[PDB]
């Protein structure tokens, strides 16, 4: 019921999510923003098609990342780093930038059906240089392989603003209840890795990317950490609202 509806969407569900971003009823969401959001949504897929075929050496030299030194200094400190970002802009282009300026990083992939579809997504992201760990059905437990990368002073990247299963962390998101994955907060606690909020967007015909100051994981409270994670994502999504490709149900109430 809710698990099926939670993996559907389209322009109608997009309006309901952007309604929270702008703070207006669904019918009052600007028609120009919906068009910009669908246009941004189309661009990611248009780029995801040709991204494995482009000159990644060019992309790494010419694209920039705001406050990238936040990540370098944390890797210079031997701590590892957790990069948690929302589904905004082109994050596969951001990974390309990291593969060229640092090297391969690790991530997790939901085991989609059919398997052939899942196989294609692995190939796609592996052809970009990412390490893809199966969230289920794999050889090793995903949470524990990632923890090894973090204590090994390596970066992992997690799409970390949506997880509407029984195991999601409930947080406030534009004043309403949603659920986000616990992975990012739990991995910074258990391993001490630096937890950096990350945001990607479309800067004209280019790509905008930014690393934000790492969150305080001193409390060991997954909710308090994930809530600060939600606060940062909401602050960034509000700046580039059209570049947030959330056509799926996001908030608990819409299920």
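Numbering follows the first chain given and starts at 1.
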Of 26-34 and 226-234, the stretch with the higher mean C-alpha B-factor in the deposited entry is 26-34
Max C-alpha B-factor within the set 106, 116, 88, 178 falls on 116
Tertile call for residue 56 (CA temperature factor, within chain, third-based) is the highest
Temperature factor at the Cα of residue 210, chain-ranked in thirds, falls in the middle
On the chain's distribution of Cα B-factors, residue 171 falls within the third called lowest
On the chain's distribution of Cα B-factors, residue 187 falls within the third called middle
Residue 131: CA B-factor among chain residues, third -> lowest
